[PDB]
């Protein structure tokens, strides 16, 4: 009769990106149905998350990105210290965008065109002549990807990687876009930005001149027709402490089979951004998703409970 997680405490970890909370708590709810006591997530830098997971201070994360986290994953112990099975979120996109108005006028389709200082000046916001790319916070996996690519594409003389607080910077970028000025930024899905600036209407994605990712000399981000946006279709995974997973087969199975559509996280993140972003609202987003997918959610729980436990 007794549920397998009775008496066992779970510590989730995510980053300080509040938009990660929904998917983290979805896993927490599932573990609670398996009987576990789940604490509120710790919100720490990704790299701190991975070392905590490897030591056993943290139990799971649900925001492990491939390939952007590969270097942090391997560095912290890789498959020797971590359990990682299945695919939690498929079909994420990332890349570089400029406003469609500017792209159409000057016929800009490739980031390599920003080597021309005249083109780059269009996107200068601080007057130093260089294009100002709204980029990634220190510690994000995309920090390393963007730095690597600007160097590889010979863009460091005309393009600046602006770093700080991405969410605040993007509000300024949207404000500038609304004044009718050119903008240049990196983003990903799922996140709230793509709801405000939509490709084909407001903005366009830029291609890159060849494949370049840090730590993999033979990376190939090309699509079958030869078009390249600089990043592959990306996925998120649930990652757990390996030793904990070996002792908790019901949880291990649950982690391998849970799946959340990228569109659902996009929708939740958009609602948060329109003002409903308190802890209490996010809990209700999670509870409402479950009620709307009750058969699926219960199926995951039933499969986990039927593991050899």
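Numbering follows the first chain given and starts at 1.
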Avg C-alpha B-factor, entry values, 73-81 vs 207-215, higher side is 73-81
Per the PDB entry, mean CA B-factor is higher for 223-231 or 153-161, namely for 223-231
Of the residues 61, 268, 259, 37, the one whose Cα carries the largest B-factor in the deposited record is 37
Among 105, 94, 113, 137, the highest C-alpha B-factor in the PDB entry belongs to 105
Chain-relative C-alpha B factor for residue 173 (record values, thirds): the middle
Here the Cα B-factor of residue 25, set against its chain, lands in the third termed lowest
Here the Cα B-factor of residue 252, set against its chain, lands in the third termed lowest
Entry-reported C-alpha B-factor of residue 179 relative to its chain, by third, is highest
Chain thirds by Cα B factor, record data; residue 143 belongs to the lowest
